[PDB]
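So this first bit is one chain, no partners, the form deposited in one PDB entry, shown in structure tokens.
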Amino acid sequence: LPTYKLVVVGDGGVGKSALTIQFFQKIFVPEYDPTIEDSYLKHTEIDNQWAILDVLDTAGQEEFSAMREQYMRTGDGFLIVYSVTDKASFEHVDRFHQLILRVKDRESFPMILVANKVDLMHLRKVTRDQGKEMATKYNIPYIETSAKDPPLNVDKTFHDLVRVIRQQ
């Protein structure tokens, strides 16, 4: 029974917590309450293989911290989340990508690029093409999500990260 530490990272307000709570509790949280650090555990069967998921929902910090060093070191896989309505959050994907690899001292590491809030079509500023161009640059999977009901790709996103970790 393996444990996967899945770490959800990204700029403030991109929907890290909403995605995590949608995954665990199947509810959309409309409030924006900034996270310090929250941990969610589940014993679950994915692709006929039981696992413990230890999901770490992180703070929306841009600057580096000891907290971030700790979770970048221990994480077994990362969701790098941006909001399609927030261009800066997308630009900053490179910073997260760079730091994870530097902390791990590796050329690659399990991660998925998550383009969140795609339900907000009238506010969307980062296109699917832009997202795919970024994911292709890093040779990592790209997925579009929405935490709002009805949710889009939320289970798939977390399960796909587990699949990437297992398919190493």
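Each residue number is its position in the shown sequence, starting from 1. If you superpose the two forms and keep the largest set of C-alpha atoms that fall within 1.5 Å, you have the rigid core.
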When the C-alpha temperature factors are averaged for each of 42-50 and 138-146, which stretch ends up with the higher value in the entry? 42-50
So 28-36 or 99-107, which one's hotter by mean CA B-factor in the entry? 99-107
Could you tell me which one of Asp119, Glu69, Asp57, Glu62 shows the highest CA temperature factor in the PDB record? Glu62
What third of its chain, lowest, middle or highest, does the C-alpha temperature factor of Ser83 fall into? lowest
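Heads up, the form deposited in another entry isn't pictured, but that's what we're talking about next.
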After core superposition, I'd like to know whether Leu123 moves between the shown form and the other one (criterion: C-alpha shift of 2 angstroms or more). no
After superposing the rigid core, is the C-alpha displacement of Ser65 2 Å or more between the shown form and the other one? yes
Answer with closer or farther for the CA-CA spacing of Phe64 and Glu107 in that other deposited form compared to the shown form; it moves by 3 Å or more. farther
Inter-Cα distance between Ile52 and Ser65 in that other deposited form, nearer or further [3 Å or more]: closer
